[PDB]
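Presented below is the structure to which this report refers.
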Amino acid sequence: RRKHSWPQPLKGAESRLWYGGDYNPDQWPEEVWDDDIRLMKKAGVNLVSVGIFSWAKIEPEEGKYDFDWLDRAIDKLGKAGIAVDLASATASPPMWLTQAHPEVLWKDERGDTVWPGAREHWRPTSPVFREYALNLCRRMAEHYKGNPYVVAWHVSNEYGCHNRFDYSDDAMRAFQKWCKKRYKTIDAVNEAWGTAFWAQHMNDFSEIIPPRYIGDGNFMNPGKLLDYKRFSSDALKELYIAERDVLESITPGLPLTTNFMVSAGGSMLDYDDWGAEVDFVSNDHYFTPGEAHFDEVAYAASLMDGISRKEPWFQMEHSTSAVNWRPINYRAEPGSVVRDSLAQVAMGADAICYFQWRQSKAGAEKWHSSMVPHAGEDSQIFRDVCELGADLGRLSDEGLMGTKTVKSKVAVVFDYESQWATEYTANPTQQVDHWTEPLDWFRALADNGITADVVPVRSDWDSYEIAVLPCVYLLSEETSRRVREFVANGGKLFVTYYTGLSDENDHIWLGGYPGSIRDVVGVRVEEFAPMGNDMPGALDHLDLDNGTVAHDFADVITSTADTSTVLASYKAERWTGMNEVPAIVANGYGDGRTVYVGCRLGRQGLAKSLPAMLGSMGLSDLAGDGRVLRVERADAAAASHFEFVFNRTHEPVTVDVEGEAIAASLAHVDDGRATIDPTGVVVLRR
Amino acid sequence: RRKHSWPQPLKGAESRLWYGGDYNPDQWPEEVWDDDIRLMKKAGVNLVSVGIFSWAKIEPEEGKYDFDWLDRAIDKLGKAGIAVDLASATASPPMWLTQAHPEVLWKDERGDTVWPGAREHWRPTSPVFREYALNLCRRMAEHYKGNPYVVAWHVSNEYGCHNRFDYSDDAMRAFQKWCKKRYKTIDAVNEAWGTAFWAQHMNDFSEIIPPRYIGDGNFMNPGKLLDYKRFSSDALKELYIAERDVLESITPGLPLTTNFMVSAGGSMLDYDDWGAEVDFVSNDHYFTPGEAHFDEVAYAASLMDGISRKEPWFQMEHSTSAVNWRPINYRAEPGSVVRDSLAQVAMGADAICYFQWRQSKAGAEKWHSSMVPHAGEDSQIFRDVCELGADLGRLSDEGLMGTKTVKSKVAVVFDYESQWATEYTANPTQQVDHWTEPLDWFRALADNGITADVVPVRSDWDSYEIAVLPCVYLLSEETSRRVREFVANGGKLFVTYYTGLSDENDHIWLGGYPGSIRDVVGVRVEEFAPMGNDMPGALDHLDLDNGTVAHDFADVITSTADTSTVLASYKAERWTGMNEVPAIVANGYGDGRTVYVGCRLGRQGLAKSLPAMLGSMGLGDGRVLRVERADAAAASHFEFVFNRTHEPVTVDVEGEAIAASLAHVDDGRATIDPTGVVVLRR
Ligand SMILES: OC[C@H]1O[C@H](O)[C@H](O)[C@@H](O)[C@H]1O
Ligand SMILES: OC[C@H]1O[C@H](O)[C@H](O)[C@@H](O)[C@H]1O
Ligand SMILES: OC[C@H]1O[C@H](O)[C@H](O)[C@@H](O)[C@H]1O
Ligand SMILES: OC[C@H]1O[C@H](O)[C@H](O)[C@@H](O)[C@H]1O
Ligand SMILES: OC[C@H]1O[C@H](O)[C@H](O)[C@@H](O)[C@H]1O
């Protein structure tokens, strides 16, 4: 795991929260760069990221390099006090390159070539692409070594945004070597993937092909498909590593990151794995319109803080308002510029950046919002960007930098590989993915006044007072041991449906679900009852006797341990078999306590059930006010303490706050009660 | 047509209803096999099917053969008194074979290769593949000939489940030769397919190409697309016959089957045509979750009984509960294991088998339910499986085997080819397929207390008192003549919308629909009025004046015969032009009677309309389905009674109860809970 290393101030500057965004001067005539500088100063901008897609400007024909334009941009910025996060420029190749070498282009499942015309159209395991990317890394680093305004490297851009999967022969060769590395022998691959089924036995590694097109509606080997997702992520990781090491060899000490795609529903790479390979962890994240907007912003940023192991992290990108890439690109509610950003700050970010500085006037993303909209500086969004800039200056003034988000009492577990496993098309239902369950729990906890930490499965969730396994479909023998020990030593554990069905190879744990920990949770599931409305007359819901209603899935629990207590059962017509089948079950195991939730209750059913579940674990006094989210950052050694309070509702609320208000948006504090409007936030120093 | 020949008992054993499932010892350590025997014995299993996907295990590299594992498995079964339905193992090839011979893989409409990774990734007309398959068949037969525990061959597995269509050049060459066989001259092919339209004329057989990709949203030649379905079925049939013939030539007398995919919505192959090529007919059927569950299980089993020409047939596979392959794999309601299976027996099956014996712990079907679940023997499904095996024991004690489901008074006609024709994408409406209408009729009749027989169109539907032609879109001159004679000679006939629109090559019968039999039904339709919800302000339903409602489709009947009676008409706003258009028309023709239903009424509307319609033809309790089997030579009669509702039900029954689940019989009254069933001897 790399040592944490954060981009440092310019020569003649103090440590500040970083504020800025992507900057693309190559899109605008040189004249406008003066105007950019003026407005950056007005907004309180001190860092921007440049060159991300500048390969064709920097190397405009093969072996010829043109730096003067970027040298002049960087100067301008730096003389104005604005620090630069320099890209490798290797995110997307120029047309001369792909024309000269069409073998760089990735191939889809059907073997069809993905052409230029958009971006990132290259095979992650192409050796030709790699040679070109590393050559550009060598040249960039050599040219910018010692530049006094460059403070970090932004390596490539969102690896696997578009090229996560390749099915070319480069990928086939790489996947063969990856399997050999993982499994050693073809026999162990055969064992992993259960190939005795459907005559898929392989005699050697040359018989391993990627999961190519097998006809619509047909079912791929699921162990192979899961491994293909692991491999894809590793393959891109290995390119990133090669790029990083080239840059670092020339510019030792200049911190390197690459930008992740962490959001509740995003699982393109194992971002917990990738977090070990950056000096500081950085995220790209975009609000979900509608009711989930705030809470998922908060969730994603919390997951980021888990991936960063509570080290400060970097919000590389987000949007002031609408994006370009949704079917309907709803605008953000007014106040989102400040509020969302301060939620990312609350959850541990020490940098806040947007895609992008100035709204493009041509190309695919011209309709994506920016800090300077098409409308120009006379706009509400620009005033809001200036307001946030001032707010971040003020939090910098009060010494926010380097505080860490406090440890919660509750860890909500997230597992990228479990999400991958739930994507298989011949699971009990295609309506259940892992990822929705942890978001629901985070939100239901917030409804009960509790801010949880979203914690990756390989991290220290088992160090928390309380933990949640929300649809953690894979549990290895090792993670299973961690579960038994956690509970036996006095841990309090929630476990749900779709948890621990299989080991890490997607081999089912037999004897009754969940096969590896059923003795800890004190239940046994013999079968499932998925639900929905695609079949007239089929079950679409199951009422519980505590006034909640299950949808989509329910475990058919057919026995409970002597130590267990049924807290809720289903109500259903006799013929279904589900009437009075246990739905929510408490248990005691060693010094700890569990609650097993056999169905999907959603945010509203979990929020309602949480007081009774918590009470069965001996925790009735976690009761609190869910109309707001309270998030705390501290440096315990320095005795500094900050509180971030967010209205989660559509009506103004007034709540008791301690300390001195150091920032406010759509909110006001009159001793010592904070009146917070919708989309509003206050920040206090204690 | 092949002489019926049923798999016979092990030496020394008696005739019994067969009970079992797919068995895959290859997936489990040999020590688990001991556990399998014990549990099979407990569950009353007496037959399993083995080796179905074992090619890679039996021929693990090119030219090397490894039989010992399978010899041991079979010996172990047979010694415990469990018979073996042995597969050819040619269902899907090993990676070594596809790696060395990529030309075996099928290609889709776009010419894209379908790779290994799942199953059955081979071209039906690949010569290379056929050589490989026939070699394996030969070797398996030479090796297993005389084995005392193998009672039948299970040839390949579900031909056309994934590889029905291939558009490779092997398919191109084969379809050319099939056309020449069918039409003799290129002029005849041009004529059948109407190639004067859109500059499609062919000068020779080399200008016939498969219905390959023509761009999305475009319209293929329909006659060609229909012939491609007949061709694709035939091609797989030709391979099946070749494999069968190899096996039979080595083990004469061992009965042969291959497993079908017969279900209401299933039409991969013309299964009535394939039923002539098996010694006994075998089916794979999986229940439809929700309201259609029981009726459609029954319907499909009836069709299987039609395909078998009432000879006993073999339920090769079904599920105990959830499958893996649906978007939401709903579980089976309690009682289903016994009930669904006894429905298949009632409709004529003398063997009941599931996919599969032990639920897989790895691979694409591990979430598919089995006889022994992941949970193991301590499970409701396994107890249910054990009860079923007892019940089939009792039924075997009582002489069930060999009895035939009785001849109904009503034949519901089903036609694979008419279903193919209704799949064309520029038909009057893409919401109408043939298959839904015979199922609606079977259910509507049951609602009136009648158990229909589902009878394939080439079979003896015209020997029945009453028959239904439900959206039989194709009627050849020959079939049209059967219709006319059936009725003229005293038959009673229902005919629906979408019946008789075209001949066998999809040329429209001109002059008013249905153009070959409008004189028999006494109606004339000039245009159609399709309906639906995708165009605001367009018609979405038509009330009838008998208090039912039509959806999706109505006939514009503009005249009726002097001999006819309108039984119901539409009511609608004037501007639609449908107001008072006749909807249901009765007729007299010769000594017989017809009724023409010009719209889709669903199970609901048909069920309600049935007394008036039947009444016009000069003619029970729908809460249950009553199904009967019988043998006169043994003087036996058996009645199976199934509750069709979500409420307990009590009904009169005659005879001795010989089996029951979620039901009991007291003083000749049967109280049957939901999902329950009783079987009586009379
Ligand atoms: O839609 C999901 C995906 O959408 C866009 O492509 C965004 O740029 C990504 O960061 C990601 O959020
Ligand atoms: O939302 C659009 C945005 O998505 C990601 O975050 C990318 O890294 C950006 O370059 C941009 O395409
Ligand atoms: O468990 C009873 C069961 O066992 C035997 O093997 C028979 O073949 C079955 O017909 C039935 O008698
Ligand atoms: O979806 C139709 C098809 O579904 C699965 O493939 C089953 O294998 C078949 O027997 C059939 O029911
Ligand atoms: O339902 C799954 C089942 O489908 C068919 O019936 C097949 O023949 C079996 O091998 C199995 O794939």
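Just a few scattered comments:
- Computed from label points 7 Å out along Cα-Cβ, the spacing between residue B:69 and residue A:482 is 3.5 nm.
- In order along the range A:87-92, the Karplus-derived 3J(HN,Hα) couplings, from 6.51 cos²θ - 1.76 cosθ + 1.60 at θ = phi - 60°, round to 8, 6, 6, 8, 4, 9 Hz, and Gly and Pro are given as x.
- For the range A:124-159 versus the range B:99-131, the gap between their alpha-carbon centres in whole angstrom: 44 Å
- Within the range B:528-608, the proportion of Cα pairs with more than 19 Å between them is 36 percent.
- Alpha-carbon Rg with Dmax, taken over the range B:621-682, Å: 11.4, 38
- Shape call, the protein assembly as shown: gyration tensor on alpha carbons, a/c limit 1.5: prolate
- Comparing Cα centroids, the range A:54-84 and the range A:569-639 end up 55 angstrom apart.
- Charged-residue dipole, Cβ positions (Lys, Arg, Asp, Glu), chain A about Cα centre, Debye nearest 20: 760 debye
- For the protein assembly as shown, the Cβ-based charge dipole about the Cα centre amounts to some 960 debye (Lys, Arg positive; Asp, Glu negative; other atoms uncharged).
- Going from the fewest other Cβ atoms within 10 Å to the most, the residues A:513, A:464, B:513 appear in the order A:464, B:513, A:513.
- Ascending count of other beta-carbon atoms within 10 Å, so fewest first, for A:244, B:309: B:309, A:244
- Counting Cβ atoms of other protein chains within 10 Å of each Cβ in B:49-56 and taking the mean gives 3.
- Cross-link partners of residue A:76 among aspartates and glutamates, defined as those whose alpha carbon lies under 17 angstrom from its own and excluding same-chain residues fewer than eight positions apart: A:22, A:26, A:30, A:31, A:34, A:35, A:36, A:68, A:85.
- For the range B:450-577, the gyration tensor built on C-alpha atoms gives a prolate shape. Its axis ratio a/c (a ≥ b ≥ c) is at least 1.5, and a/b is the larger of a/b and b/c.
- Radius of gyration, Dmax [the range A:404-624; alpha carbons; angstrom]: 16.1, 54
- Taking 7 Å steps out from each Cα toward its Cβ at residue B:562 and residue A:110 produces label points 6.1 nm apart.
- Taking 24 Å as the straight-line reach from the Cα of residue A:3, the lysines in range (excluding those fewer than 8 positions away in the same chain) are A:11, A:145, A:237, A:310, A:404, A:407.
- Remark: mean inter-chain Cβ contacts per residue of A:211-217 equal 6, using a 10 Å Cβ-Cβ cutoff to other protein chain atoms.
- In straight-distance terms, cross-link reach from residue A:107 covers every one of the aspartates and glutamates whose alpha-carbon lies under 15 Å from its own, apart from those fewer than eight places away in the same chain; here that gives A:120, A:166, A:169, A:170, B:112.
- Centre separation in Å (Cα based) which lies between the range B:229-301 and the range B:414-466: 19 Å
- Residues B:137, B:471, sorted so that the one with the fewest Cβ neighbours within 10 Å comes first: B:137, B:471
- Over all directions, the projected convex hull of the C-alpha atoms in chain A averages 30.9 nm² in area.
- Among B:565-574, B:234-243, B:493-502, the peptide with the highest mean count of other Cβ atoms within 10 Å heads the list, and the full ranking is B:493-502, B:234-243, B:565-574.
- Mean partner shielding of peptide B:112-125, defined as the number of other chain Cβ atoms within 10 Å of each residue Cβ, is 6.
- Rounded to the nearest 20 debye, dipole of the range A:1-160 from Cβ charges on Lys, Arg, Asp, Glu: 820 debye
- Under Karplus coefficients 6.51, -1.76 and 1.60, residue-wise ³J(HN,Hα) of the range B:566-571 in Hz, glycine/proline x: 6, 8, 6, 9, 7, 10
Positions of Cβ are generated from backbone atoms using ideal geometry, with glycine treated the same way; all protein chains shown enter the neighbour counts. Where a number appears in this text, it was derived from the coordinates with a stated rule and is not lab data.
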